[PDB]
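One chain comes next, on its own, written out as structure tokens in the form deposited in one PDB entry.
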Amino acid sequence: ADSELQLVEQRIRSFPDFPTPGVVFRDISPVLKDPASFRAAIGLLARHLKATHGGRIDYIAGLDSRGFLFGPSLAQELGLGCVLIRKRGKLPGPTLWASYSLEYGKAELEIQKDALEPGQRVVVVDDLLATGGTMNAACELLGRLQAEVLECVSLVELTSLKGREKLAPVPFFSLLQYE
């Protein structure tokens, strides 16, 4: 297409009634499949984070499983490591658990108790923000490790679901906004 944002815009596809009726699933697979689109997405997020936080970011935290697609490249682009926040029963050793029952489903996440040392500054990444249940659970886990969450970011945001509100005062940034 041309601009960096354009290359990301044109690589979302939509599937209605998935996983349940009335829900439009937004699939980032075309972004992964087109190496120009992927690079553009990582570049846009990286440039935002660098302009916004300077050199204050210690780690990116990627959310299982689609956040895992972006976290490592985003971290690498910023010269940083990536830590993992996982779905239930994935992680070995001591962990912290966050289990939220929400109106539309559950957000159940875990993190290794030694994933971060206290005072470390982190940016969370996932593919998509909807209600904010998931990212909110991630911020809870990180705060219980005494990490500071600088910002959460995603490729896609569903604005009618008020995810940004739920996360406030933690800053939020997305590339693309749909209803």
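All residue numbers refer to positions in the sequence shown, first residue = 1. In this text, rigid core is short for the largest set of C-alphas that superpose within 1.5 Å between two forms.
Omitted from view is the form deposited in another entry, to which the following refers.
- Annotation: the position in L102, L96, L80, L84 displaced by at least 2 Å at CA between this form and the one not shown, with the core superposed, corresponds to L102.
- Superposition of the core reveals a Cα shift of 2 Å or more for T20 between this form and the one not shown.
- Compared with the form shown, the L129-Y104 C-alpha separation increases in the other form, the change being 3 Å or greater.
- Inter-residue distance, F172 to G105 (Cα): increased by at least 3 Å in the other form versus the depicted form.
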